[PDB]
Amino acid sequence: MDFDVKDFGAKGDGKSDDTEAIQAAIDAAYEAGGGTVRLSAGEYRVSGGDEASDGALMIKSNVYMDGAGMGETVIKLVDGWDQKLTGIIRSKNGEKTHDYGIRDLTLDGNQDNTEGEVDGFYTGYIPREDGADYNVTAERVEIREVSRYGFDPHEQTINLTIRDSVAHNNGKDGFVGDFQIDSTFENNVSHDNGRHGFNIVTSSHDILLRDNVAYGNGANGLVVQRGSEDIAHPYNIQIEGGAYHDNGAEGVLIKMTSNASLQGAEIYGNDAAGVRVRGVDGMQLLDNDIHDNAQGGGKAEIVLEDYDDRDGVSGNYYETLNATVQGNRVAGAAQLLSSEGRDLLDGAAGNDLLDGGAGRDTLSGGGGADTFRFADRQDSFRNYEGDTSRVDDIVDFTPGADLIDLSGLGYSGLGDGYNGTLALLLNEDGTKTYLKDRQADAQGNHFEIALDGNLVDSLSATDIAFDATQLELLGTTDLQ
């Protein structure tokens, strides 16, 4: 049913310590088997316990707390607190707390008049052990002025939902999803935090980040990452819609993650790249609107690259792989580099650099002057002993504007296709033009590229860089 904190002695006056009163309301609601702890408008001061892991208030299974609205019900930390406090509202470590939530209320960490690391909302069970909180909701909650992490749901929580909420002016990250599972962050705003807007980390997976907005943060608008430990990477991370703008680092940064997707977002005004992808296995970058990034310097609106952790905790080298980059509007350069397996890589209006690496890739540059790089003869080839597969195709090569960068491959020029020359050929129905090495290597492979369309007469020697000197003369981008 309903429990009003005032009926348990809570004053809501901005000066009395209401911790024990609100906690009494919570314990009564839990002992009845579940209930709504109700708080009328006011500022309720709260204080911590003997240890950081006590937090301030302990929410419990089947208890929901409903305020009078963001800005109207404010739970605020007392002046003078000088001890690390991990969760102004939190569940208990070492207990599987479930079917609880907070709505229509503000948590104020009062960093101006306190010292020590404070987190707003903390969930989860026990780091490095199996077990989870589950069915956790925060609706229309505002978390502000904590010295560290605003929303800090933590390892492990399953079916966390945070919606229609706001984190601002927190000392580090507005939102952390630490080992969250099968969870949802929707229509939230995270702004003017000391470091990240949203930070999904520590093995989190099956996460939907829909229509969130992040601006004015000291670092990334959104970062999805493994973290500093040698643990399972996050995976199945779907970012849909929303806006990541005017941040101190990249708009969206994804690193050491598997099967991530970023679609339909507006990404602008960031100091670093709009989107940066580092060592991501399965990346979809679809239908975004990306402009005016790299305000702090830098040559690229989009960066795909590897993540070399060989000298770090895992000892591993992580390629970006399995990438699909399509339908984006990109007012500046895209660096689209991938590796083994089939990549679909589309540039936009900028002067882009495209290289699908090993396997059979489909590349398009769009407008501007783009460089399609082929770094190894085994990255686009045909073996007649078996399939034409493994031959890359360029969709829209534009003679006079685009460039084919073969500068590392050791061919001398166009010719009959032997002796280190490449032959320019048209297939039978005139739908594809090939550059071909007619000399098989020892495995029977022929370096070969397809250009979609008929370019046997339009293409010329100045469209291909055959060595580093030519590449310096002809290169179309700042990115090499």
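For the two forms, the rigid core is made up of the largest set of C-alpha atoms that agree within 1.5 Å on superposition. Just count from 1 along the sequence shown to find any residue number.
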- line: Between 381-389 and 328-336, greater root mean square CA displacement in 4 other deposited structures of this protein relative to the shown form, after rigid core superposition, belongs to 381-389
task: With the rigid core held as the alignment frame, decide whether 62-70 or 436-444 lies farther from the shown form in 4 other deposited structures of this protein, in terms of RMS C-alpha distance.
output: 436-444
- prompt: Taking the recorded C-alpha temperature factors, which stretch has the higher mean, 231-239 or 69-77?
  reply: 69-77
field: Between the two ranges 84-92 and 243-251, the one averaging a larger CA B factor in the entry
entry: 84-92
- prompt: Per the coordinate record, which of the options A442, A423, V63, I449 holds the highest CA temperature factor?
  reply: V63
- request: Choose from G332, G116, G124, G279 the residue with the greatest Cα B-factor as stated in the PDB record.
  value: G116
query: Going by what the PDB entry lists, where does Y384 fall on CA B-factor within its chain: lowest, middle or highest third?
result: highest
- prompt: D311: which third of its chain by C-alpha temperature factor?
  reply: middle
- prompt: For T106, does the deposited CA B-factor place it in the lowest, middle or highest third of the chain?
  reply: highest
field: Relative C-alpha B-factor of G131, binned into the chain's lowest, middle or highest third
entry: highest
field: Third assignment of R226 from its chain's C-alpha B-factors
entry: lowest
